[PDB]
C-alpha cells in the first residue's frame, strides 16, 4: 500500500489510537501518508510570495526554525519578515501535527529546515545525480545524517488547483537488493578529507556513503528507472503528505508552489528500527555503518 489515505482536515486534529497506529505502521513500512483535506492556508499578505522570482540564487528558499533564520531570498526587511513568518508558521503547524499523530516518537522528533518551493518542476533540468524526476531515496552529499531518519512533511499550496505529480517506487529493501552489486566502499581517507576541507557538514559515515551510492547509482541505472515498479500519483492542491524520504523511493514530475518541512529522528526511537535504511544496510553488509552509534550491552 504505497499510499495510505487519512481523513484529518485540521492541523490541530486529535487522533484516535487506531489512526495513530495506522500512521506509524504505514510510515515505518515505507508508505506515504496522504491527507487530501489538509490544506495550509496563506494569509492575504503572503499571496505575493506565490511567485518564483523570490528565489535569488542556486539554493532555494529555506528557514531554520531553531535559529529563526531565513536564506535564499533577498528583499526589503518587511518582506523578509513576512516570508519568515510564513515558513515559521509551517514549521509550527507541521511540528504540532506530528506530535499529535506520532506520540510514540515523543520528543525524539528534531525539527530541521523548512523550505518554500515556488519554481515549476516540469521546467527543471540539471545533472543526472540531481535530477529528481529519477527515482531515488534522499541523500545529500554535503549533509550526512549519521544514520538519522529524514522525515518530511509536504503541502501543495498551488492557488490554481494544480496537482503535484509524484512517482513512488518499490520498497527500499528491493531497491537496495537491485543495486547491491553496484555498491563499493569508499576510497580510504577520502571522507576524512571531505570533512577536513568543509565539503561535508560533519563526517560522512559509511551509511551516508552507501545511501549516496544508492541515490546516485539508482539515478544512472536507466533500465531500472524505466522498468522498476512505480505508481504515479497527483497530490491535489490543498493536500498534505508525510514520508520518510530516505526510505520511500520517489520522483517528482510536475507542479508548482510547495511548502516542505524536514525533521530528523534517531533510529532507536523508531517502533521497528529493523525496518530503517540504516539497519537494512548494516544487515546487508554485516557491519556497523556509523562509528558514533550507541552500544547496547
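Residue numbers count along the first chain shown, from 1.
Open item on the list: In a third or more of the other compared PDB entries with flanking residues modelled, does residue 58 go missing?
Closed with: In at least a third of the comparable entries (those modelling both sides of it), residue 58 has no coordinates.
- [ ] Look over 58 to 66 and 236 to 244 in the entry and identify the one with the greater average Cα temperature factor.
- [x] Here the higher of the two C-alpha B-factor means belongs to 58 to 66.
TODO: Pick between 255 to 263 and 46 to 54: the one whose mean CA B-factor in the entry is higher.
DONE: It is 46 to 54 that shows the higher mean C-alpha B-factor.
Task: Out of 93, 219, 81, 178, residue topping the C-alpha B-factor column of the entry - done: It is 81.
Task: Options 274, 12, 282, 25 - largest CA temperature factor per the record - done: Answer for 274, 12, 282, 25: 12, with the highest C-alpha B-factor.
Task: Among modelled residues of the same chain, the CA temperature factor third for residue 215 - done: Lowest third.
Open item on the list: Considering every modelled residue of the chain and its Cα B-factor in the PDB entry, is residue 203 in the lowest, middle or highest third?
Closed with: For residue 203, the deposited C-alpha B-factor lands in the highest third.
Open item on the list: Based on the deposited C-alpha B factors for this chain, I'd like to know if residue 115 is in the lowest, middle or highest third.
Closed with: Ranked within chain, residue 115 CA B lands in the middle tercile.
Task: Third of chain Cα B-factors occupied by residue 158 - done: For residue 158, the deposited C-alpha B-factor lands in the middle third.
- [ ] Could you tell me which third, lowest, middle or highest, the C-alpha B-factor of residue 146 occupies within its chain?
- [x] Ranked within chain, residue 146 CA B lands in the middle tercile.
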